[PDB]
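Comments concern the structure below.
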There are 2 protein chains.
Amino acid sequence: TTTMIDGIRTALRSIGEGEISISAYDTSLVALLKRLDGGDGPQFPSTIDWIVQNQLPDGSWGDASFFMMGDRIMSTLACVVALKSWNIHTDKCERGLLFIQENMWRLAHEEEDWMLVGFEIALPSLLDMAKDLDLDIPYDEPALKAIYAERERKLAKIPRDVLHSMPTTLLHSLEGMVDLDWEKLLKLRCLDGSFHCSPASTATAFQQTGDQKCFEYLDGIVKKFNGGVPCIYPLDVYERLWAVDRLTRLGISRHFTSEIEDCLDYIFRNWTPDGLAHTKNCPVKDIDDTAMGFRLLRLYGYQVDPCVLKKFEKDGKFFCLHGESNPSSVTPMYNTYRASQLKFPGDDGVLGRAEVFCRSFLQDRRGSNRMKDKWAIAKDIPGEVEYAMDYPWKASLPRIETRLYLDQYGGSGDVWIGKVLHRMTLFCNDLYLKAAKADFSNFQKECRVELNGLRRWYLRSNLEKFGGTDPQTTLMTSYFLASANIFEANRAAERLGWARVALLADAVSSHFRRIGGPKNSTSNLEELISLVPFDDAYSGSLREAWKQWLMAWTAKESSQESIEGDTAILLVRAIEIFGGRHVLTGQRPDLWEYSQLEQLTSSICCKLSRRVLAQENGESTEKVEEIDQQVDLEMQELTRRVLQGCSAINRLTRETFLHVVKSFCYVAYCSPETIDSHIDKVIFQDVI
Amino acid sequence: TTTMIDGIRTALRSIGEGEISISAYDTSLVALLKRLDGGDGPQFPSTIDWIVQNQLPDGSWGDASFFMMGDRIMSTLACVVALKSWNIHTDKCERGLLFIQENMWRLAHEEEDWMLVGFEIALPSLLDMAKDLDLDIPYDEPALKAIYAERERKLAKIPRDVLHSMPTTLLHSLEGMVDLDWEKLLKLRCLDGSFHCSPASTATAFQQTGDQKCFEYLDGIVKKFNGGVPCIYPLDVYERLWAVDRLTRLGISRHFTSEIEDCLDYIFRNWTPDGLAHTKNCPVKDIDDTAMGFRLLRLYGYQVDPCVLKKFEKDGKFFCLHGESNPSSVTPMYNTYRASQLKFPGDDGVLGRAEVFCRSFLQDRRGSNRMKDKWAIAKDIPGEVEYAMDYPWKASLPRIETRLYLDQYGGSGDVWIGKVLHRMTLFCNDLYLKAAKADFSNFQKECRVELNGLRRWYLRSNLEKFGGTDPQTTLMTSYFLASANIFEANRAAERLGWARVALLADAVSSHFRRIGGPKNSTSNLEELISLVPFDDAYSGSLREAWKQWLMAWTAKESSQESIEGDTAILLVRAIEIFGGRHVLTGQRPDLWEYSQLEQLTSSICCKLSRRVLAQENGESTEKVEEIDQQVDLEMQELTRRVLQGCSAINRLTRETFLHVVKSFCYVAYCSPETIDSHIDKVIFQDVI
């Protein structure tokens with residue numbers, strides 16, 4: 001059980017500097033490097049070995065878990081083109097020529113989206129240097145020249161002088177780039193001395209000029225890789241934040257807050273006032289990882305500011321590439337949909353404009369079948385937008401969305417797309433599913449007996465002639481609003497308390513709807529506290545705030561204001577006692593903040609109930625739509641002070657407030673024949 | 001200066017059991033008592049001495065400060081009728097007969113209201129026993145038989161058997177009551193054994209049957225009075241509560257809270273579940289003193305409940321007499337106007353019904369000249385209603401009303417009315433005016449230099465290009481809202497703080513009206529805290545709540561809610577620091593109560609501003625009138641929790657909240673050409 005925990009604990013404590021599926025095509029592009037100091041043949045033989053003893057029994061080259069010839073052709077011939085330059089091991093040269101010479105024909109029947117990074121740029125250059133060698137391939141295919149045609153298209157639309165001004169993907173893909181003057185190509189290089197983190201871009205003229213200032217990049221990625229090499233490295237930021245994101249989406253990272261805070265610290269001290277990149281020192285910035293990092297850094301309590309994201313505004317448009325206008329994919333903006341929800345009054349309206357832009361911009365691929373990514377395959381991203389569009393953060397239960405993601409994690413079944421087909425292993429690891437499944441299932445097993453015991457305690461308590469028609473459809477939802485809110489095992493005291501403290505108030509409120517209200521009171525309710533379980537301080541401190549609640553009941557009996565805020569503060573003061581939650585108020589900001597907090601609580605809770613019945617009839621559109629926006633435009637400040645670390649307050653007590661306000665915000669914008677199947681979907685039918 | 005303080009301190013520490021102006025008419029009514037144990041003549045000679053050596057040089061009898069023959073005739077002849085029964089001192093018998101025999105003619109030219117307590121009942125009985133004696137008076141006056149006529153009227157309308165069931169004024173006035181069976185007249189007697197606290201009612205047949213169970217009353221009021229005696233005694237409750245009421249109306253009792261709490265304790269332990277009377281054990285209850293005591297006991301923090309006042313409802317009517325329907329006077333209901341304002345949600349609607357009844361019921365004598373009392377003369381009671389009707393407790397500055405009462409206290413110039421003309425000395429004492437005048441005048445002298453210094457500090461602070469047109473008409477009212485709110489000398493720190501902390505917020509709010517709001521901010525205001533005076537903690541704790549205020553400024557910039565509550569809590573947190581006001585929050589009810597308190601603060605402060613501009617135009621009647629009632633119907637709960645002692649909170653901090661909410665409630669319902677002359681009236685022109 002804890003075996004998986006130890007495995008991932010070591011894996012994250014050993015967070016390294018790169019873990020990529022080893023490529024085979026770039027390996028030859030560097031294997032052509034002559035010996036630097038007047039040698040005889042190749043520079044490294046071990047890569048050549050890894051080349052020979054890593055061919056599929058059928059003779060193909062690439063990944064075995066998937067079949068995609070459009071890339072398999074490059075992977076299967078570029079390995080051979082080196083054994084022609086060095087005349088070694090004629091066994092598998094012609095053993096693979098039998099494959100390629102008869103199976104290089106299915107170019108024009110792949111697909112219309114799955115084109116590689118300049119697949120029309122290097123493939124010619126590949127066959128271009130292969131032309132001089134002893135090659136004999138089926139040159140005459142109409143599918144190939146139909147690709148040469150776009151090569152000549154793209155080699156002209158690119159600039160000449162200004163092309164020496166962008167560090168961009170054209171500098172990432174230099175194989176199909178001939179006659180490149182090197183006078184300016186040296187100053188715009190990677191901070192550690194690489195060519196866009198790729199060695200093939202070096203090996204254009206690196207073949208004889210061994211500039212160490214770029215050669216330690218290569219020799220490092222050779223000697224410590226020990227057999228084969230991918231094309232792009234390092235990616236520390238890329239892999240790191242991508243891990244923690246999905247892991248927080250798993251809901252089991254709580255055991256690893258230490259290493260969490262460590263990688264957050266790395267990214268934090270690695271922040272630039274102009275953007276972010278795949279790695280630590282790359283000055284080529286984009287929008288997507290910058291946004292998701294700005295999001296997650298804030299989400300775990302760090303001092304963030306998004307005004308830099310104004311570097312993508314093209315007459316209202318936005319794109320991933322910097323100053324470059326190419327059709328973005330679904331996720332590089334979907335992340336921004338996720339990241340735009342948590343506005344603060346100090347923020348800039350760019351997030352809003354971007355939100356209304358991207359919302360409709362994705363509403364195209366809402367119903368249409370264009371839900372696919374441009375640079376990766378996915379299991380169910382429509383499943384992700386299915387939740388993202390109809391559920392904001394203000395009603396985003398952090399457990400039902402995990403219940404949804406259990407059908408969205410593929411792992412081995414999905415291969416990521418780069419310059420070549422490759423996977424990761426670090427966070428694309430295949431026991432995260434096993435661990436999250438087991439964790440959620442034991443959670444399931446505990447709530448199954450908790451609701452059982454609550455049922456017995458309830459119908460043995462004569463609380464049925466108080467309330468109303470059907471107690472089952474109320475006990476289940478009441479237990480849900482708590483269990484789906486607080487799921488840990490070490491707070492079952494609060495878990496059982498919230499249920500009963502809501503049930504009692506619900507019963508008496510339903511009684512006051514019946515006999516009319518506080519003036520027609522016939523019995524003394526103050527003693528109903530007795531039959532909740534007994535403790536040392538859980539009982540008296542309970543009854544006193546309970547009498548405060550009844551005080552309010554009597555207080556408004558000739559008014560028009562609702563009862564939301566009082567029962568809300570009832571529940572939170574109940575939790576404060578149900579957790580032994582106390583504080584050194586030796587500092588005046590303590591009450592300063594606690595005051596405004598429970599103030600906003602009643603404020604929003606009463607401002608929503610005026611929409612409750614007005615929507616139960618719908619007597620006006622402008623009014624209801626104004627109520628909702630007025631709710632959220634200060635729900636922001638609520639979340640803000642709940643989720644800013646500048647305070648000296650305990651985190652847990654700051655956040656349990658948001659817990660219940662979110663519970664009620666959810667039950668507000670979900671109708672019963674919407675919420676009904678949610679309990680089934682969560683608890684009833686188990687995984688595995 | 002403190003001489004008056006010592007005088008009244010002794011006077012109140014020596015709060016006794018009765019202090020009434022000594023009568024002269026009842027003295028003879030008991031002087032006719034024969035010697036009990038077989039004596040010769042009268043029972044006590046010293047009263048007879050006090051009779052002879054207390055005649056005016058002109059020969060009249062009564063008070064010298066006022067002239068009212070309708071009673072002076074009784075006082076001047078009843079003293080003589082005894083010297084006829086005992087044949088002593090023929091000097092002043094005939095020396096007063098020269099007066100009476102020629103001056104007993106002005107009966108029919110007194111007035112139409114100033115009739116004594118059954119003046120038509122005893123005057124006949126007086127001349128009735130005088131008939132048998134050697135008298136020779138001008139019997140033939142048509143004004144006298146015109147009074148005999150109503151005597152025969154009233155002696156028949158009274159019942160026979162049920163007249164033995166009410167302890168009432170008919171039992172108080174027994175002189176004109178002949179042939180009274182004594183079998184039931186003994187069980188309904190005063191608890192100490194008196195006849196409605198009057199000895200003449202005994203001396204009807206007490207002349208020979210010396211029942212000690214009623215005779216110790218007489219002998220006590222003889223031996224320890226030592227010369228003369230009034231008719232009604234004891235009145236401990238009557239005089240006591242009447243004192244503390246007017247003294248609290250003086251605003252100098254603060255030096256005497258000890259004796260205050262002592263008399264409050266006496267009245268408190270002297271409460272009955274059925275009503276109150278003049279004295280401790282009298283079972284004859286009324287409405288007026290019961291109501292004013294229920295008021296003042298609550299006002300100083302004691303556990304009260306008014307449901308008993310349902311014993312006056314006569315088909316909607318109310319009256320002072322119990323089951324008796326006689327036209328009440330102005331004050332016995334005016335007190336209830338004063339007492340009905342401070343409703344609580346737990347209260348009964350009797351106060352409301354009574355309020356709408358008595359409001360219009362007095363609106364008759366609002367303009368009409370019928371503003372006079374039935375049992376007392378007054379200096380200016382129209383001055384009292386002049387304030388009571390147009391100013392509720394919710395806008396009742398406790399210093400402007402004292403400024404008004406300085407012209408309402410007459411003291412010696414006014415004689416109270418009972419069965420005979422008499423005054424008090426205890427609380428109708430003539431240095432209370434001197435003390436209150438001196439106290440208010442030194443208050444005046446201190447604020448005169450305080451505003452002077454504030455003016456210098458302000459125009460030296462460059463706060464003029466912020467704000468608006470005329471700074472004088474704002475500095476004066478700002479200083480007023482504080483000085484008229486807090487007047488003591490030992491809190492000048494808070495006094496000077498409130499002024500500047502309101503001025504700064506006012507200036508920046510007026511700036512935000514100008515440039516549009518928080519989004520068009522051009523400078524950093526957070527540093528404006530520096531130029532208020534510097535201290536150890538008065539500065540930082542100030543700036544932080546100040547930044548909280550600015551936080552709210554930014555928070556609502558796209559909303560429709562007002563700014564009242566935030567600046568209100570600003571001012572109160574400023575006072576909390578300007579008084580070193582701190583608390584042991586080791587108890588959860590501390591924040592429980594402080595939270596709801598500042599919640600109601602913002603609630604009411606924002607619910608009033610929506611009426612502010614809507615009244616500046618008046619675009620609807622029902623809406624504005626609903627806003628005001630909705631304000632007060634929870635202003636009640638505000639005042640309630642502010643003014644209930646069931647809490648463990650400090651009183652001062654509970655009440656400073658009410659202070660400012662009242663300041664703004666006043667400035668709301670007073671228009672500038674109403675408030676303008678108030679500052680003049682208070683401070684500009686001094687007393688003396």
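Residues in the structure tokens are named by chain (A, B, ... in the order shown) and by number from 1 within that chain; ligands are numbered from 1 in the order shown.
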Near segment 380-394 of chain B, within 9 Å and counting only C-alpha atoms, which residues show up once chain neighbours fewer than 6 positions away are dropped, as a compact mmCIF listing (two decimals) with C-alpha atoms, in the first residue's frame?
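Everything below was put into selection23.txt:
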# COMPACT_ATOMS: atom_id res chain seq x y z
CA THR B 331 -46.71 64.25 31.69
CA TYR B 334 -45.36 62.07 27.99
CA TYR B 337 -43.58 58.69 24.85
CA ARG B 338 -40.05 58.88 26.23
CA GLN B 341 -38.67 54.39 21.91
CA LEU B 342 -36.23 51.65 23.00
CA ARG B 359 -48.42 60.58 19.82
CA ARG B 366 -48.99 70.33 20.43
CA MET B 371 -49.96 72.07 27.64
CA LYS B 372 -50.43 72.35 31.42
CA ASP B 373 -50.19 69.61 34.05
CA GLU B 401 -31.05 68.47 25.38
CA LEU B 404 -32.27 73.06 26.39
CA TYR B 405 -33.09 72.02 29.97
CA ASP B 407 -33.98 77.11 30.49
CA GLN B 408 -36.47 74.53 31.82
CA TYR B 409 -35.30 74.10 35.45
CA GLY B 410 -37.10 76.63 37.63
CA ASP B 632 -35.02 51.41 13.01
CA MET B 635 -31.40 49.72 15.06
CA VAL B 661 -24.05 55.37 14.72
CA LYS B 662 -26.11 57.95 16.63
CA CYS B 665 -28.32 59.05 12.46
CA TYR B 666 -28.57 62.62 13.78
CA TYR B 669 -32.36 63.56 9.94
Which residues of chain B come within 7 Å of chain A, and for each one, what is the closest pair of atoms and their distance in Å to one decimal, counting only C-alpha atoms, sorted by chain and residue number, as a tab-separated table?
residue	atom	partner	partner_atom	distance
B:345	CA	A:555	CA	5.5
B:346	CA	A:554	CA	7.0
B:554	CA	A:345	CA	6.3
B:555	CA	A:345	CA	5.5
B:585	CA	A:585	CA	6.6
B:595	CA	A:595	CA	5.2
B:599	CA	A:599	CA	5.7
B:637	CA	A:555	CA	6.7
Output file for the selection above: N, CA, C and O atoms, as a PDB file, in the first residue's frame:
ATOM      1  N   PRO B 345     -36.651  43.286  19.994  1.00  0.00           N
ATOM      2  CA  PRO B 345     -37.441  42.293  19.244  1.00  0.00           C
ATOM      3  C   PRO B 345     -38.219  41.329  20.127  1.00  0.00           C
ATOM      4  O   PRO B 345     -39.244  40.798  19.682  1.00  0.00           O
ATOM      5  N   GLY B 346     -37.781  41.094  21.364  1.00  0.00           N
ATOM      6  CA  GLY B 346     -38.531  40.241  22.267  1.00  0.00           C
ATOM      7  C   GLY B 346     -39.719  40.910  22.921  1.00  0.00           C
ATOM      8  O   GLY B 346     -40.519  40.232  23.575  1.00  0.00           O
ATOM      9  N   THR B 554     -10.845  50.075  -3.191  1.00  0.00           N
ATOM     10  CA  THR B 554     -10.583  49.321  -4.409  1.00  0.00           C
ATOM     11  C   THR B 554     -11.571  48.179  -4.597  1.00  0.00           C
ATOM     12  O   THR B 554     -11.887  47.821  -5.736  1.00  0.00           O
ATOM     13  N   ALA B 555     -12.060  47.601  -3.500  1.00  0.00           N
ATOM     14  CA  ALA B 555     -12.880  46.399  -3.573  1.00  0.00           C
ATOM     15  C   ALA B 555     -14.204  46.645  -4.281  1.00  0.00           C
ATOM     16  O   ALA B 555     -14.694  45.765  -4.996  1.00  0.00           O
ATOM     17  N   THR B 585      -9.581  37.866  24.715  1.00  0.00           N
ATOM     18  CA  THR B 585     -10.480  37.057  23.905  1.00  0.00           C
ATOM     19  C   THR B 585     -10.314  35.573  24.195  1.00  0.00           C
ATOM     20  O   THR B 585     -10.569  34.740  23.319  1.00  0.00           O
ATOM     21  N   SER B 595     -18.114  40.450  16.325  1.00  0.00           N
ATOM     22  CA  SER B 595     -18.420  40.199  14.925  1.00  0.00           C
ATOM     23  C   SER B 595     -19.801  40.700  14.539  1.00  0.00           C
ATOM     24  O   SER B 595     -19.916  41.567  13.665  1.00  0.00           O
ATOM     25  N   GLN B 599     -20.887  43.868  12.204  1.00  0.00           N
ATOM     26  CA  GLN B 599     -21.766  43.490  11.106  1.00  0.00           C
ATOM     27  C   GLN B 599     -22.982  44.397  11.024  1.00  0.00           C
ATOM     28  O   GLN B 599     -23.230  45.003   9.975  1.00  0.00           O
ATOM     29  N   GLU B 637     -32.153  46.114  17.630  1.00  0.00           N
ATOM     30  CA  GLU B 637     -31.210  45.065  18.006  1.00  0.00           C
ATOM     31  C   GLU B 637     -29.807  45.623  18.202  1.00  0.00           C
ATOM     32  O   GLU B 637     -29.077  45.187  19.105  1.00  0.00           O
TER      33      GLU B 637
END
Fill in: Using only C-alpha atoms: which of A:229, A:482, A:532, A:163 has the shortest distance to residue 451 of chain A
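The answer is A:482, which sits nearest to residue 451 of chain A.
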Among segment 255-358 of chain B, which residues carry a DSSP assignment of alpha helix (DSSP H), reported as a compact mmCIF listing (two decimals) with N, CA, C and O atoms, in the first residue's frame?
# COMPACT_ATOMS: atom_id res chain seq x y z
N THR B 257 -22.06 57.62 40.46
CA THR B 257 -22.55 56.32 40.03
C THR B 257 -22.74 55.35 41.19
O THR B 257 -23.60 54.47 41.10
N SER B 258 -21.95 55.48 42.25
CA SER B 258 -22.11 54.60 43.41
C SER B 258 -23.50 54.72 44.01
O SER B 258 -24.26 53.74 44.01
N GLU B 259 -23.86 55.90 44.52
CA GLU B 259 -25.20 56.10 45.05
C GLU B 259 -26.27 55.90 44.00
O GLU B 259 -27.38 55.47 44.33
N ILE B 260 -25.96 56.20 42.73
CA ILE B 260 -26.89 55.88 41.66
C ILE B 260 -27.23 54.41 41.69
O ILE B 260 -28.39 54.03 41.89
N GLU B 261 -26.23 53.55 41.53
CA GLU B 261 -26.45 52.11 41.58
C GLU B 261 -27.12 51.67 42.87
O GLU B 261 -27.88 50.70 42.86
N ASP B 262 -26.90 52.39 43.97
CA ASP B 262 -27.56 52.03 45.22
C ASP B 262 -29.07 52.25 45.15
O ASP B 262 -29.85 51.36 45.53
N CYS B 263 -29.51 53.42 44.69
CA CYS B 263 -30.95 53.63 44.59
C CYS B 263 -31.57 52.77 43.50
O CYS B 263 -32.70 52.29 43.66
N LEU B 264 -30.85 52.55 42.40
CA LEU B 264 -31.31 51.59 41.41
C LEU B 264 -31.48 50.21 42.01
O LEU B 264 -32.46 49.53 41.71
N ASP B 265 -30.55 49.78 42.87
CA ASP B 265 -30.70 48.50 43.54
C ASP B 265 -31.92 48.47 44.44
O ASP B 265 -32.63 47.46 44.47
N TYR B 266 -32.15 49.54 45.20
CA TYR B 266 -33.35 49.60 46.03
C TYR B 266 -34.60 49.40 45.19
O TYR B 266 -35.41 48.52 45.48
N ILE B 267 -34.75 50.18 44.12
CA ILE B 267 -35.92 50.05 43.26
C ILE B 267 -35.98 48.66 42.64
O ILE B 267 -37.06 48.08 42.49
N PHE B 268 -34.82 48.10 42.29
CA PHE B 268 -34.77 46.80 41.63
C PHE B 268 -35.29 45.70 42.54
O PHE B 268 -36.25 45.01 42.19
N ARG B 269 -34.68 45.53 43.71
CA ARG B 269 -35.20 44.57 44.68
C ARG B 269 -36.60 44.94 45.16
O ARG B 269 -37.29 44.10 45.74
N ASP B 288 -47.55 55.71 35.55
CA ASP B 288 -46.50 56.66 35.18
C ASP B 288 -45.15 56.31 35.80
O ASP B 288 -44.16 56.13 35.08
N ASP B 289 -45.08 56.21 37.12
CA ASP B 289 -43.81 55.90 37.76
C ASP B 289 -43.36 54.49 37.44
O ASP B 289 -42.15 54.25 37.30
N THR B 290 -44.30 53.55 37.32
CA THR B 290 -43.95 52.22 36.84
C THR B 290 -43.24 52.27 35.50
O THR B 290 -42.19 51.64 35.35
N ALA B 291 -43.78 53.02 34.54
CA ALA B 291 -43.15 53.11 33.23
C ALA B 291 -41.79 53.78 33.29
O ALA B 291 -40.81 53.26 32.73
N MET B 292 -41.69 54.94 33.95
CA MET B 292 -40.41 55.65 33.99
C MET B 292 -39.35 54.85 34.74
O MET B 292 -38.17 54.92 34.37
N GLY B 293 -39.74 54.08 35.75
CA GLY B 293 -38.79 53.21 36.41
C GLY B 293 -38.36 52.04 35.55
O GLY B 293 -37.17 51.73 35.48
N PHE B 294 -39.32 51.37 34.90
CA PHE B 294 -38.97 50.35 33.92
C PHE B 294 -38.00 50.91 32.88
O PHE B 294 -37.10 50.19 32.43
N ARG B 295 -38.16 52.17 32.52
CA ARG B 295 -37.26 52.81 31.57
C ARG B 295 -35.86 52.98 32.16
O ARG B 295 -34.89 52.43 31.64
N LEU B 296 -35.76 53.74 33.25
CA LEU B 296 -34.46 54.10 33.80
C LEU B 296 -33.68 52.91 34.34
O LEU B 296 -32.44 52.91 34.27
N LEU B 297 -34.36 51.90 34.87
CA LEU B 297 -33.69 50.69 35.34
C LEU B 297 -32.98 49.97 34.20
O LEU B 297 -31.83 49.56 34.33
N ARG B 298 -33.68 49.83 33.08
CA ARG B 298 -33.09 49.34 31.84
C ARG B 298 -31.96 50.26 31.37
O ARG B 298 -30.87 49.78 31.05
N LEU B 299 -32.20 51.57 31.32
CA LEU B 299 -31.24 52.51 30.78
C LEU B 299 -29.88 52.41 31.47
O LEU B 299 -28.86 52.71 30.84
N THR B 331 -47.91 64.99 31.30
CA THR B 331 -46.71 64.25 31.69
C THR B 331 -46.94 62.76 31.93
O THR B 331 -46.10 61.95 31.52
N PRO B 332 -48.03 62.34 32.60
CA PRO B 332 -48.17 60.90 32.88
C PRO B 332 -48.24 60.03 31.64
O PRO B 332 -48.15 58.80 31.74
N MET B 333 -48.41 60.63 30.46
CA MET B 333 -48.27 59.92 29.20
C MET B 333 -47.03 60.34 28.43
O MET B 333 -46.47 59.53 27.69
N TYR B 334 -46.60 61.59 28.60
CA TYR B 334 -45.36 62.07 27.99
C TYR B 334 -44.17 61.22 28.38
O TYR B 334 -43.34 60.90 27.52
N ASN B 335 -44.06 60.86 29.65
CA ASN B 335 -43.08 59.88 30.09
C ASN B 335 -43.12 58.59 29.28
O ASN B 335 -42.07 58.03 28.98
N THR B 336 -44.32 58.12 28.92
CA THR B 336 -44.44 56.92 28.10
C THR B 336 -43.99 57.14 26.67
O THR B 336 -43.45 56.22 26.05
N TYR B 337 -44.22 58.34 26.12
CA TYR B 337 -43.58 58.69 24.85
C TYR B 337 -42.08 58.53 24.95
O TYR B 337 -41.45 57.95 24.06
N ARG B 338 -41.48 59.05 26.02
CA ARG B 338 -40.05 58.88 26.23
C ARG B 338 -39.67 57.41 26.37
O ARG B 338 -38.63 56.98 25.86
N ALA B 339 -40.51 56.63 27.04
CA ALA B 339 -40.17 55.25 27.41
C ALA B 339 -40.46 54.23 26.31
O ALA B 339 -40.00 53.09 26.42
N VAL B 350 -47.48 46.18 22.70
CA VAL B 350 -48.18 47.19 23.49
C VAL B 350 -47.50 48.54 23.42
O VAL B 350 -48.18 49.57 23.31
N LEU B 351 -46.17 48.58 23.47
CA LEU B 351 -45.45 49.84 23.35
C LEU B 351 -45.75 50.54 22.04
O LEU B 351 -45.91 51.76 22.03
N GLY B 352 -45.85 49.79 20.94
CA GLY B 352 -46.16 50.41 19.67
C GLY B 352 -47.54 51.01 19.64
O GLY B 352 -47.71 52.19 19.32
N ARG B 353 -48.56 50.19 19.94
CA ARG B 353 -49.93 50.69 20.03
C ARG B 353 -50.03 51.91 20.93
O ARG B 353 -50.63 52.92 20.52
N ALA B 354 -49.45 51.85 22.12
CA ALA B 354 -49.40 52.99 23.01
C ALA B 354 -48.71 54.19 22.37
O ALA B 354 -49.17 55.32 22.57
N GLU B 355 -47.63 53.98 21.63
CA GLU B 355 -46.94 55.08 20.98
C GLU B 355 -47.81 55.78 19.94
O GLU B 355 -47.93 57.01 19.98
N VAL B 356 -48.43 55.04 19.02
CA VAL B 356 -49.29 55.68 18.04
C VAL B 356 -50.51 56.30 18.71
O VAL B 356 -51.04 57.30 18.22
N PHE B 357 -50.98 55.73 19.82
CA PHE B 357 -52.06 56.37 20.56
C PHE B 357 -51.63 57.71 21.14
O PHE B 357 -52.19 58.75 20.79
N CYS B 358 -50.61 57.70 21.99
CA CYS B 358 -50.21 58.89 22.72
C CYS B 358 -49.61 59.96 21.83
O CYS B 358 -49.73 61.15 22.14
Fill in: Nearby residues (only C-alpha atoms) at most 9 Å from residue 628 of chain A, same-chain spacing under 3 positions excluded, as a ChimeraX atom specification
/A:607-608,611,623-625,631-633
Please, could you write that set of residues out with C-alpha atoms as a PDB file, in the first residue's frame?
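Dumped everything to again-v5.pdb:
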ATOM      1  CA  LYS A 607     -27.044  38.546  -1.385  1.00  0.00           C
ATOM      2  CA  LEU A 608     -27.522  35.081  -2.916  1.00  0.00           C
ATOM      3  CA  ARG A 611     -31.728  35.412  -6.190  1.00  0.00           C
ATOM      4  CA  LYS A 623     -32.022  41.573 -12.106  1.00  0.00           C
ATOM      5  CA  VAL A 624     -31.005  37.912 -11.726  1.00  0.00           C
ATOM      6  CA  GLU A 625     -27.957  38.343 -13.958  1.00  0.00           C
ATOM      7  CA  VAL A 631     -22.107  38.007  -5.884  1.00  0.00           C
ATOM      8  CA  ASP A 632     -18.889  37.029  -7.670  1.00  0.00           C
ATOM      9  CA  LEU A 633     -17.438  40.557  -7.827  1.00  0.00           C
TER      10      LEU A 633
END
Worksheet item: residue 56 of chain B: which residues within 12 Å, counting only C-alpha atoms, same-chain residues fewer than 2 positions away excluded, as a count of residues only?
Response: 19
Worksheet entry | Distance of atom CA of residue 437 of chain A from atom CA of residue 688 of chain A, expressed in Å to one decimal place |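 One can read the atom CA of residue 688 of chain A to atom CA of residue 437 of chain A distance as 7.8 Å.
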Worksheet item: What does the distance from atom CA of residue 612 of chain B to atom CA of residue 475 of chain B come to in Å, to one decimal?
Response: 21.4 Å
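Proximity to residue 685 of chain B at 12 Å, evaluated using only C-alpha atoms and with sequence-adjacent residues fewer than 4 positions away removed, yields residues 403, 441, 444, 445, 448, 677, 678, 679, 680 and 681 of chain B.
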Response to the item:
Of B:156, B:658, B:20, B:93, the one nearest to residue 572 of chain B when counting only C-alpha atoms is B:658
